[PDB]
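Contents: one structure, followed by commentary.
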Amino acid sequence: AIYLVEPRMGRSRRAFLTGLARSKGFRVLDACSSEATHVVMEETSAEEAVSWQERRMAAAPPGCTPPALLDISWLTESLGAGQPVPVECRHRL
Amino acid sequence: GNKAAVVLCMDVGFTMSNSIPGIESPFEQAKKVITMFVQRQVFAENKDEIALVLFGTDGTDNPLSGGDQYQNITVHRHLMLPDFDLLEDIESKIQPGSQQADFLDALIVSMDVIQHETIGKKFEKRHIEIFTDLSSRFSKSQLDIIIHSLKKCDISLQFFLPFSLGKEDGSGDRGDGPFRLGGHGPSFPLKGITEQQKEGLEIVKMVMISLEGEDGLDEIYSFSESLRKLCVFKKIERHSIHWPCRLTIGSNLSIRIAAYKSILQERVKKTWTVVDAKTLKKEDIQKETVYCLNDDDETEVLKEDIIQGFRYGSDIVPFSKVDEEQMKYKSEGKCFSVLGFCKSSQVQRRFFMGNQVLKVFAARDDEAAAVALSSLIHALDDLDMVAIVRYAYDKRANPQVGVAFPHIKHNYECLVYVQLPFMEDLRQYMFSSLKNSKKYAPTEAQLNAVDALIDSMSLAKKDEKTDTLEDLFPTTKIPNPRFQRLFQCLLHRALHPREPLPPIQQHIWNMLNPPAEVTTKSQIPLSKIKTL
Amino acid sequence: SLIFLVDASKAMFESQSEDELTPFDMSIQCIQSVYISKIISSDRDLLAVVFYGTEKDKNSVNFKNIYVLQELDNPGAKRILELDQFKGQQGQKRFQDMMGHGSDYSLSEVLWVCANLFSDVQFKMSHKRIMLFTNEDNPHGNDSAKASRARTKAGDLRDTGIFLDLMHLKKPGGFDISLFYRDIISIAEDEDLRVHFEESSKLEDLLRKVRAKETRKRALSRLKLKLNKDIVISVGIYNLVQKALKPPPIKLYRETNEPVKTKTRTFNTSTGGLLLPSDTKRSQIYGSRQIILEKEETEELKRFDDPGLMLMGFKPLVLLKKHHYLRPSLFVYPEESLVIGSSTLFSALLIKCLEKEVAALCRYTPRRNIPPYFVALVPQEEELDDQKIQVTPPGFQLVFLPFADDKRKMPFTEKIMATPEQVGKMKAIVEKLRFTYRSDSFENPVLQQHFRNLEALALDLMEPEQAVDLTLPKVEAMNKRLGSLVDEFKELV
DNA sequence: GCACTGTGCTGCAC
DNA sequence: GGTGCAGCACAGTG
């Protein structure tokens with residue numbers, strides 16, 4: 001599925017994004033777990049990405065594969081295409 | 001009924017294409033001035049309707065055809081609301097011709113068009129403008145009929161030529177320096193007109209005088225001076241709605257009065273909406289407001305948990321809009337009351353505040369109020385007195401304080417009001433005494449040099465046959481170049497979308513620049529001062 | 001960055017006469033009203049108040065007879081009321097009961113504690129200034145040792161770039177600066193600026209002088225003035241009088257009243273990505289046809305000339321129309337720091353154009369990408385008053401000139417005069433209604449009531465102050481002044 | 001006509 | 001020091 005990092009992203013804006021993404025037909029989740037195979041950050045540094053990955057390790061079964069640790073660029077590409085876009089190097093940190 | 005219908009008479013005679021080297025053709029100059037006029041018409045989104053007639057046309061088209069009468073004349077565009085179609089028609093579709101026709105026939109057909117097409121439409125004013133050479137052969141045998149019919153129809157007229165009227169100054173006679181379009185300097189002298197031109201000038205002059213006394217002479221302009229005035233819009237003005245009030249002294253004395261916004265800083269009336277760079281739509285882009293704590297966590301804030309407040313030095317006092325409504329100061333409706341009177345010298349020009357200047361007459365159709373206000377004006381004049389007045393537009397208005405002084409003209413007399421500032425508005429400072437500066441004392445030679453510079457760089461010449469000073473640079477008649485530049489850019493973009501912004505035309509610089517003689521005189525003194 | 005110093009000697013409690021007040025009264029009211037005006041303007045330049053000659057002392061170094069009243073802080077409502085309690089003779093009686101008065105002191109240690117107060121500042125310091133209020137002109141004339149030490153320490157402050165301004169108060173027998181403070185006050189850098197004020201006997205003059213000394217010269221902008229293409233000087237623009245507005249509301253938290261950092265966001269809806277002016281375009285639709293311009297194109301077409309002023313020429317003052325006003329007038333002063341030798345030529349031009357009674361017409365571009373405005377520089381000569389107050393600075397008053405688009409045609413009808421007897425009656429009425437006018441004689445009642453409400457809310461007082469609106473005419477007073485003249489004019493309608 | 005919904009703009013401000 | 005953001009009195013226009 002797809003999960004969104006609410007901090008530094010705004011709760012109302014995140015809710016709007018989740019609504020438009022679920023109306024797009026693809027599975028979006030509100031809670032941090034391991035089912036979501038795609039999680040988009042908000043121009044966060046790589047070390048902050050690692051710290052949030054550790055926090056996800058806390059709030060998810062240990063040893064599970066990480067989701068798609070991409071940035072807003074891939075999200076906007078996928079929304080513009082109306083479907084998931086192939087992942088590129090500029091997306092992940 | 002607030003609309004208005006106008007007719008534009010264009011010459012495409014063989015003389016229109018004829019031009020003097022270094023000078024634009026009359027055809028092209030009139031084309032440019034009408035382009036400016038229609039730009040102001042369309043881009044202000046006015047409801048005025050326009051018709052366009054051509055005389056001297058190689059072809060001919062009009063309902064008044066027959067024989068050779070009203071031939072070589074084409075009604076290029078009928079009377080209706082403007083659009084960019086006629087704009088591009090003037091841009092490229094309008095071409096000069098080689099034939100000639102009687103402009104009286106053009107006036108006749110335009111008046112007939114007004115008689116016929118305006119049926120079913122109710123305007124406020126009717127106006128026609130004419131551009132011609134005066135050197136075209138014509139016939140003059142129905143003038144009285146034309147004058148009587150147009151007076152019966154009550155339609156104003158206006159004339160523009162590639163030359164100004166008879167003058168003996170340096171602005172109507174070709175002096176030193178080349179003639180420039182739109183400048184404040186010389187124009188065509190009494191050396192380029194023809195005998196036919198003199199004949200046509202006499203005809204139009206007698207028409208103008210028989211219509212409107214001496215003022216009819218004023219309604220004749222050259223293209224260059226028309227480019228720097230609003231005379232083309234002089235016949236389509238919309239009078240501002242009068243603002244009434246009751247001037248009062250004490251609780252006893254009251255005079256009903258009417259005021260107008262005499263001087264107001266204008267402004268464009270179309271915001272620049274931001275749209276998509278691709279779909280060119282504003283709706284598909286959403287504007288939102290961010291609410292976060294003044295902290296490092298940047299926690300989002302719900303709008304409900306937000307309450308307004310105000311800073312009071314050290315502290316911040318919370319507040320609510322109901323509190324605002326309940327303890328805000330409230331005036332007493334509208335008000336125009338005289339606090340008293342003070343010497344004219346006591347009030348200085350620098351203290352004027354506000355973005356507006358009001359001019360006040362007595363209440364319309366009130367002889368008693370009129371004579372009372374006139375006597376008050378005369379008393380103020382004789383006593384060198386100005387009245388402090390507390391102004392209030394209405395109940396919701398902020399109570400302003402200001403000054404009002406008499407202003408007597410030949411045609412009327414009024415009270416001119418300008419808002420004065422409260423003591424909080426003042427910000428005083430100190431500076432160095434330049435007249436006694438110990439290090440900036442200029443030499444006497446520097447004083448003589450700057451005196452020569454001032455003498456050479458005068459913008460107003462004192463005529464001495466009547467001993468009256470004539471201003472050589474009237475800025476109050478120059479329009480705002482901002483609107484003209486905006487119109488030019490919008491037109492260029494509309495006609496051509498894949499080109500950069502067009503450059504500013506020469507006449508725009510000429511209208512904004514002083515007469516060349518001023519620069520020529522200032523040449524030597526400027527360099528002399530530069531050595532200091 | 002502003003400290004007030006006040007003596008507590010017995011003379012400060014001695015009013016010269018009955019209708020006059022003690023110097024303590026004027027000083028207290030001056031400080032209170034300065035605090036109020038600063039609150040109106042901005043919290044900039046924190047203020048402190050301290051007294052010397054008190055029987056007690058509260059300074060940190062515990063120098064005897066120096067009682068600190070308020071540290072350099074933002075103007076707080078509690079501080080304002082604490083100061084206001086001193087207003088009136090009740091305030092002085094209360095003050096003398098716990099701090100005392102009329103004690104000896106050494107001004108060297110007073111200025112020492114002033115320096116300590118200045119060093120307490122750990123923020124953006126603009127202008128360190130001491131503001132002394134005393135009517136005594138020879139405090140250490142009894143012993144030259146204290147005078148010499150004070151002179152040395154004042155030289156120390158002036159070396160360390162500390163401003164000192166003294167308002168000698170009204171004293172029987174007059175006041176002489178040269179007695180003690182000729183070598184104490186921060187002497188200006190020019191004898192033209194070395195003008196000495198007069199001892200204040202009222203309140204309003206003291207406020208004018210104090211706020212004049214307080215107001216730092218804040219130039220609106222620095223613009224180049226082009227006499228021609230080559231000769232260019234630099235001038236500071238100043239905004240003498242401007243619209244004072246109520247402070248904007250501040251978004252806060254409902255419970256803790258913590259201010260809400262408010263921002264804005266612009267973004268697409270079909271894709272949701274945040275957008276910039278580059279990502280967007282400017283649109284305006286006429287009829288059916290939409291016209292699209294780049295933002296860069298809009299501010300490029302807005303621009304006409306580079307920022308600055310291009311002189312057009314000179315025109316006699318008579319041609320200027322007083323009834324042609326569009327925008328509040330500005331002030332133009334030279335600036336030597338930017339352009340070499342600008343001040344001398346500026347002053348020469350000013351003097352000569354004053355002699356010839358001609359203003360300078362010139363185009364004016366405020367800053368980047370603004371259409372030009374034709375304006376007139378009228379030479380405003382320096383003018384003073386009996387109190388040496390610069391009631392009129394020297395320079396070039398800038399007045400805006402309207403274009404033909406800014407004027408308005410008006411309904412013109414029959415113009416009728418009135419009989420001379422009615423004119424004489426109106427003359428008598430005006431004579432009965434005449435009075436002297438000062439630009440500061442009035443104040444905005446709306447803002448006064450607004451700040452009264454704020455003060456009541458901050459002080460937790462359910463007793464809002466009611467403004468005595470001076471703009472309301474004294475109806476019955478002028479009715480009594482006029483009497484039957486208004487009736488006589490009334491029968492003439 | 002009341003409430004309002006844009007501009008430009010100028011005090012903010014290192 | 002400097003764009004822009006917001007607030008808002010007035011204007012016109014029904």
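Each chain of the structure tokens is named A, B, ... in the order shown, its residues numbered from 1; ligands are numbered from 1 in display order.
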
Original post:
If you count only C-alpha atoms (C1' of nucleotides), which residues fall within 8 Å of residue 368 (chain C), apart from same-chain ones fewer than 4 positions away, as a list in words?
Top reply: residues 303, 306 and 307 of chain C

**OP:** Give me the residues within 12 Å of region 26-40 of chain A as a VMD selection string, counting only C-alpha atoms (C1' of nucleotides) and dropping any in the same chain fewer than 5 places off.
**Re:** chain A and resid 1 to 9 11 14 to 15 17 to 21 49 52 to 76 78 to 79 82 to 85 87 91 to 93

Near region 359-363 of chain C, within 7 Å and counting only C-alpha atoms (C1' of nucleotides), which residues show up once chain neighbours fewer than 2 positions away are dropped, as a PDB file with N, CA, C and O atoms, in the first residue's frame?
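File result.pdb, as written:
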```pdb
ATOM      1  N   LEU C 309      15.806  59.688  -9.929  1.00  0.00           N
ATOM      2  CA  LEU C 309      15.095  60.867 -10.397  1.00  0.00           C
ATOM      3  C   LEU C 309      15.878  61.516 -11.527  1.00  0.00           C
ATOM      4  O   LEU C 309      17.099  61.668 -11.437  1.00  0.00           O
ATOM      5  N   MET C 310      15.170  61.898 -12.584  1.00  0.00           N
ATOM      6  CA  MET C 310      15.756  62.614 -13.711  1.00  0.00           C
ATOM      7  C   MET C 310      15.172  64.020 -13.727  1.00  0.00           C
ATOM      8  O   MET C 310      13.973  64.196 -13.967  1.00  0.00           O
ATOM      9  N   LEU C 311      16.018  65.014 -13.465  1.00  0.00           N
ATOM     10  CA  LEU C 311      15.555  66.393 -13.400  1.00  0.00           C
ATOM     11  C   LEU C 311      15.018  66.844 -14.751  1.00  0.00           C
ATOM     12  O   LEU C 311      15.658  66.649 -15.787  1.00  0.00           O
ATOM     13  N   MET C 312      13.836  67.455 -14.734  1.00  0.00           N
ATOM     14  CA  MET C 312      13.215  67.983 -15.941  1.00  0.00           C
ATOM     15  C   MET C 312      13.489  69.465 -16.145  1.00  0.00           C
ATOM     16  O   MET C 312      13.717  69.896 -17.278  1.00  0.00           O
ATOM     17  N   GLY C 313      13.473  70.251 -15.079  1.00  0.00           N
ATOM     18  CA  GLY C 313      13.766  71.672 -15.206  1.00  0.00           C
ATOM     19  C   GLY C 313      13.245  72.437 -14.001  1.00  0.00           C
ATOM     20  O   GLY C 313      13.053  71.869 -12.928  1.00  0.00           O
ATOM     21  N   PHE C 314      13.005  73.728 -14.210  1.00  0.00           N
ATOM     22  CA  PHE C 314      12.565  74.614 -13.143  1.00  0.00           C
ATOM     23  C   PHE C 314      11.365  75.429 -13.599  1.00  0.00           C
ATOM     24  O   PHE C 314      11.246  75.789 -14.771  1.00  0.00           O
ATOM     25  N   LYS C 315      10.479  75.726 -12.647  1.00  0.00           N
ATOM     26  CA  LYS C 315       9.238  76.429 -12.928  1.00  0.00           C
ATOM     27  C   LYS C 315       8.882  77.311 -11.741  1.00  0.00           C
ATOM     28  O   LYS C 315       9.024  76.870 -10.594  1.00  0.00           O
ATOM     29  N   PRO C 316       8.427  78.541 -11.977  1.00  0.00           N
ATOM     30  CA  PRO C 316       8.084  79.427 -10.857  1.00  0.00           C
ATOM     31  C   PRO C 316       6.999  78.834  -9.972  1.00  0.00           C
ATOM     32  O   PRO C 316       6.093  78.140 -10.438  1.00  0.00           O
ATOM     33  N   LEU C 317       7.107  79.123  -8.672  1.00  0.00           N
ATOM     34  CA  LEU C 317       6.209  78.530  -7.688  1.00  0.00           C
ATOM     35  C   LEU C 317       4.755  78.915  -7.930  1.00  0.00           C
ATOM     36  O   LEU C 317       3.846  78.180  -7.529  1.00  0.00           O
ATOM     37  N   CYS C 353      17.575  78.620  -5.819  1.00  0.00           N
ATOM     38  CA  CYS C 353      16.171  78.451  -6.172  1.00  0.00           C
ATOM     39  C   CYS C 353      15.254  79.109  -5.149  1.00  0.00           C
ATOM     40  O   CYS C 353      14.142  79.523  -5.496  1.00  0.00           O
ATOM     41  N   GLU C 357      12.698  81.906  -6.369  1.00  0.00           N
ATOM     42  CA  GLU C 357      11.307  81.530  -6.113  1.00  0.00           C
ATOM     43  C   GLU C 357      10.780  80.578  -7.186  1.00  0.00           C
ATOM     44  O   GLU C 357       9.709  80.782  -7.761  1.00  0.00           O
ATOM     45  N   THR C 365      11.043  57.972 -10.220  1.00  0.00           N
ATOM     46  CA  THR C 365      10.782  56.540 -10.179  1.00  0.00           C
ATOM     47  C   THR C 365      11.112  56.042  -8.783  1.00  0.00           C
ATOM     48  O   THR C 365      12.290  56.052  -8.393  1.00  0.00           O
ATOM     49  N   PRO C 372       6.919  56.186 -13.969  1.00  0.00           N
ATOM     50  CA  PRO C 372       7.387  57.447 -13.392  1.00  0.00           C
ATOM     51  C   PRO C 372       6.244  58.382 -13.038  1.00  0.00           C
ATOM     52  O   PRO C 372       5.161  58.341 -13.627  1.00  0.00           O
ATOM     53  N   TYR C 373       6.506  59.240 -12.054  1.00  0.00           N
ATOM     54  CA  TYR C 373       5.575  60.286 -11.655  1.00  0.00           C
ATOM     55  C   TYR C 373       6.270  61.635 -11.750  1.00  0.00           C
ATOM     56  O   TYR C 373       7.390  61.793 -11.257  1.00  0.00           O
ATOM     57  N   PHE C 374       5.617  62.600 -12.387  1.00  0.00           N
ATOM     58  CA  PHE C 374       6.146  63.955 -12.392  1.00  0.00           C
ATOM     59  C   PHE C 374       5.908  64.593 -11.032  1.00  0.00           C
ATOM     60  O   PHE C 374       4.785  64.580 -10.520  1.00  0.00           O
ATOM     61  N   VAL C 375       6.966  65.143 -10.434  1.00  0.00           N
ATOM     62  CA  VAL C 375       6.884  65.722  -9.102  1.00  0.00           C
ATOM     63  C   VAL C 375       7.623  67.050  -9.093  1.00  0.00           C
ATOM     64  O   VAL C 375       8.381  67.378 -10.010  1.00  0.00           O
ATOM     65  N   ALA C 376       7.383  67.823  -8.039  1.00  0.00           N
ATOM     66  CA  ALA C 376       7.998  69.128  -7.866  1.00  0.00           C
ATOM     67  C   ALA C 376       8.740  69.169  -6.540  1.00  0.00           C
ATOM     68  O   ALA C 376       8.185  68.810  -5.494  1.00  0.00           O
ATOM     69  N   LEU C 377       9.997  69.591  -6.597  1.00  0.00           N
ATOM     70  CA  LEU C 377      10.801  69.873  -5.417  1.00  0.00           C
ATOM     71  C   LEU C 377      10.694  71.364  -5.136  1.00  0.00           C
ATOM     72  O   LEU C 377      11.219  72.181  -5.899  1.00  0.00           O
ATOM     73  N   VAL C 378       9.996  71.720  -4.069  1.00  0.00           N
ATOM     74  CA  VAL C 378       9.890  73.108  -3.626  1.00  0.00           C
ATOM     75  C   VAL C 378      10.881  73.320  -2.489  1.00  0.00           C
ATOM     76  O   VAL C 378      10.916  72.507  -1.555  1.00  0.00           O
ATOM     77  N   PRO C 379      11.717  74.346  -2.545  1.00  0.00           N
ATOM     78  CA  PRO C 379      12.729  74.529  -1.498  1.00  0.00           C
ATOM     79  C   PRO C 379      12.121  74.903  -0.157  1.00  0.00           C
ATOM     80  O   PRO C 379      11.564  75.994  -0.006  1.00  0.00           O
TER      81      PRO C 379
END
```

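Residues in contact with residue 13 (chain E) at 12 Å, where only C-alpha atoms (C1' of nucleotides) are counted and same-chain residues fewer than 2 positions away are skipped, are listed as residues 241 of chain B; 1 of chain D; 11 of chain E.
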
Subject >> Neighbours of chain A in chain C at 8 Å, counting only C-alpha atoms, as a count of residues only >> reply: 4

Subject >> Contacts of residue 73 (chain C) at 9 Å (only C-alpha atoms (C1' of nucleotides); same-chain gap of 2+ positions) as number ranges by chain >> reply: B: 314; C: 1, 45-48, 70-71, 75-76

Take the residues from that selection and put them in a file with C-alpha atoms, as a PDB file, in the first residue's frame.
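selection_0.pdb was written with the following content:
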```pdb
ATOM      1  CA  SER B 314       5.747  44.081  26.124  1.00  0.00           C
TER       2      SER B 314
ATOM      3  CA  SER C   1      18.372  51.503  23.665  1.00  0.00           C
ATOM      4  CA  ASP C  45      14.604  50.772  21.223  1.00  0.00           C
ATOM      5  CA  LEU C  46      13.692  49.506  24.710  1.00  0.00           C
ATOM      6  CA  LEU C  47      13.424  52.067  27.499  1.00  0.00           C
ATOM      7  CA  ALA C  48      14.741  52.353  31.048  1.00  0.00           C
ATOM      8  CA  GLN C  70      12.844  50.180  35.407  1.00  0.00           C
ATOM      9  CA  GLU C  71      15.447  48.325  33.368  1.00  0.00           C
ATOM     10  CA  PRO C  75       7.097  49.227  27.305  1.00  0.00           C
ATOM     11  CA  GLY C  76       4.841  47.120  29.526  1.00  0.00           C
TER      12      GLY C  76
END
```

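Pairwise distance (CA of residue 434 (chain C), CA of residue 377 (chain B)) equals 15.1 Å.
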
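Closest approach to residue 13 (chain D) among C:388, C:222, C:44, C:263 is made by C:44 (distances from only C-alpha atoms (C1' of nucleotides)).
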
Original post:
DSSP on the backbone: what in region 7-90 of chain A comes out helix (DSSP H, G or I), as a PyMOL selection string?
Top reply: chain A and resi 11-22+46-58+72-81

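One distance worth recording is that between CA of residue 301 (chain C) and CA of residue 483 (chain B), which is 10.6 Å.
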
Subject >> Exercise: residue 240 (chain B) partners within 12 Å, only C-alpha atoms (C1' of nucleotides), chain neighbours under 4 positions left out, as an MDAnalysis selection string >> reply: (chainID B and resid 258:264 358:359) or (chainID C and resid 407:411) or (chainID E and resid 11:12)

Original post:
For chain C, which residues have at least one atom within 9 Å of chain E, if we go by only C-alpha atoms (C1' of nucleotides)? Write them as a PyMOL selection string, please.
Top reply: chain C and resi 248-249+264

Subject >> Distance query residue 484 (chain C) at most 12 Å, only C-alpha atoms (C1' of nucleotides), self and fewer than 4 positions along chain excluded, as a ChimeraX atom specification >> reply: /B:252-253 /C:425,428-429,432,478-480,488-491

With N, CA, C and O atoms retained, export the selected residues as a CSV table (one decimal), in the first residue's frame.
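Generated file (selection17.csv):
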```csv
chain,number,residue,atom,x,y,z
B,252,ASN,N,-27.3,75.3,15.2
B,252,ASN,CA,-28.2,76.1,14.6
B,252,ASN,C,-28.0,76.2,13.1
B,252,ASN,O,-28.9,76.0,12.3
B,253,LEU,N,-26.8,76.5,12.6
B,253,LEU,CA,-26.5,76.9,11.2
B,253,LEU,C,-26.3,75.6,10.5
B,253,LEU,O,-25.4,74.8,10.8
C,425,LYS,N,-21.6,89.8,7.5
C,425,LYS,CA,-22.1,89.0,8.5
C,425,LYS,C,-21.3,87.7,8.7
C,425,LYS,O,-20.9,87.3,9.8
C,428,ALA,N,-18.0,88.5,10.3
C,428,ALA,CA,-18.2,88.6,11.8
C,428,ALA,C,-18.2,87.2,12.4
C,428,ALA,O,-17.6,87.0,13.4
C,429,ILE,N,-19.0,86.3,11.8
C,429,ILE,CA,-19.1,85.0,12.3
C,429,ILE,C,-17.7,84.3,12.3
C,429,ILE,O,-17.3,83.7,13.3
C,432,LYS,N,-15.6,85.7,15.1
C,432,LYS,CA,-15.9,85.1,16.3
C,432,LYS,C,-15.5,83.6,16.4
C,432,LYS,O,-15.4,83.1,17.5
C,478,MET,N,-19.5,77.8,20.9
C,478,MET,CA,-19.5,78.7,19.7
C,478,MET,C,-20.9,79.3,19.5
C,478,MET,O,-21.0,80.4,19.0
C,479,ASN,N,-21.9,78.6,20.0
C,479,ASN,CA,-23.3,79.2,20.0
C,479,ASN,C,-23.3,80.4,20.9
C,479,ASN,O,-23.8,81.4,20.5
C,480,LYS,N,-22.7,80.3,22.1
C,480,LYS,CA,-22.6,81.4,23.0
C,480,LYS,C,-21.7,82.5,22.4
C,480,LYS,O,-22.0,83.7,22.6
C,488,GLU,N,-29.2,86.4,12.4
C,488,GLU,CA,-29.2,87.4,11.4
C,488,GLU,C,-28.9,86.8,10.0
C,488,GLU,O,-29.5,87.2,9.0
C,489,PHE,N,-27.9,86.0,9.9
C,489,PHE,CA,-27.5,85.3,8.7
C,489,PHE,C,-28.7,84.4,8.2
C,489,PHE,O,-28.9,84.2,7.0
C,490,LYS,N,-29.4,83.8,9.2
C,490,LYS,CA,-30.5,82.9,8.9
C,490,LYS,C,-31.6,83.6,8.2
C,490,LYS,O,-32.2,83.1,7.2
C,491,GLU,N,-32.0,84.9,8.6
C,491,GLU,CA,-33.1,85.5,7.9
C,491,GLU,C,-32.7,85.8,6.4
C,491,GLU,O,-33.6,86.2,5.6
```

Using only C-alpha atoms (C1' of nucleotides), tabulate the residues of chain B lying at most 12 Å from any atom of chain E, each with its closest atom pair and that distance in Å to one decimal, by chain and increasing residue number, as CSV.
```
residue,atom,partner,partner_atom,distance
B:240,CA,E:12,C1',10.0
B:241,CA,E:12,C1',9.2
B:243,CA,E:11,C1',11.6
B:261,CA,E:11,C1',11.1
B:264,CA,E:11,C1',11.7
B:266,CA,E:11,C1',11.7
B:267,CA,E:11,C1',12.0
B:269,CA,E:11,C1',11.6
B:289,CA,E:5,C1',11.1
B:354,CA,E:9,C1',11.6
B:355,CA,E:10,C1',10.8
B:356,CA,E:10,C1',10.7
B:392,CA,E:9,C1',11.3
B:393,CA,E:10,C1',8.9
B:394,CA,E:10,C1',10.6
B:395,CA,E:9,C1',11.9
B:396,CA,E:9,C1',8.9
B:397,CA,E:9,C1',7.1
B:398,CA,E:9,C1',7.9
B:399,CA,E:9,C1',11.2
B:400,CA,E:9,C1',11.6
```

Subject >> chain A contacts on chain B, only C-alpha atoms, 9 Å, as JSON, numbers by chain >> reply: {"B": [290, 292, 297, 298, 299, 300]}

Original post:
In Å, with one decimal, what is the gap from CA of residue 219 (chain C) to CA of residue 346 (chain C)?
Top reply: 17.3 Å

**OP:** Select residues of chain D: the criterion is any atom within 10 Å of an atom of chain B, counting only C-alpha atoms (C1' of nucleotides); output as a count of residues only.
**Re:** 5

Determine which residues of chain A DSSP labels as strand (DSSP E) from the backbone of this structure, then write them out as a compact mmCIF listing (two decimals) with N, CA, C and O atoms, in the first residue's frame.
```
# COMPACT_ATOMS: atom_id res chain seq x y z
N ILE A 2 0.28 2.38 0.41
CA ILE A 2 0.99 3.65 0.49
C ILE A 2 0.65 4.32 1.82
O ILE A 2 -0.52 4.44 2.18
N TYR A 3 1.69 4.76 2.53
CA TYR A 3 1.53 5.47 3.79
C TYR A 3 2.27 6.80 3.70
O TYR A 3 3.28 6.92 3.00
N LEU A 4 1.76 7.80 4.42
CA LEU A 4 2.29 9.15 4.36
C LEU A 4 2.82 9.56 5.73
O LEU A 4 2.24 9.21 6.76
N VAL A 28 -4.21 3.05 0.06
CA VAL A 28 -3.51 3.99 0.93
C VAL A 28 -3.91 3.70 2.37
O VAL A 28 -5.06 3.38 2.67
N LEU A 29 -2.93 3.80 3.27
CA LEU A 29 -3.11 3.47 4.68
C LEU A 29 -2.78 4.68 5.54
O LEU A 29 -1.87 5.45 5.22
N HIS A 38 4.99 1.76 0.01
CA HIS A 38 5.46 3.04 -0.50
C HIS A 38 5.19 4.10 0.56
O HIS A 38 4.05 4.28 0.99
N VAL A 39 6.24 4.81 0.98
CA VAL A 39 6.11 5.90 1.94
C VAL A 39 6.92 7.09 1.45
O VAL A 39 8.12 6.97 1.19
N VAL A 40 6.26 8.24 1.34
CA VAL A 40 6.85 9.44 0.75
C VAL A 40 7.19 10.42 1.86
O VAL A 40 6.35 10.74 2.71
N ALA A 68 8.77 1.94 -0.15
CA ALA A 68 9.48 2.76 -1.13
C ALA A 68 9.77 4.11 -0.50
O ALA A 68 8.90 4.99 -0.45
N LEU A 69 10.99 4.29 0.00
CA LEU A 69 11.39 5.50 0.71
C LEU A 69 11.74 6.60 -0.29
O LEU A 69 12.90 6.96 -0.51
N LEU A 70 10.70 7.14 -0.92
CA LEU A 70 10.84 8.15 -1.95
C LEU A 70 10.46 9.52 -1.40
O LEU A 70 10.11 9.67 -0.22
```
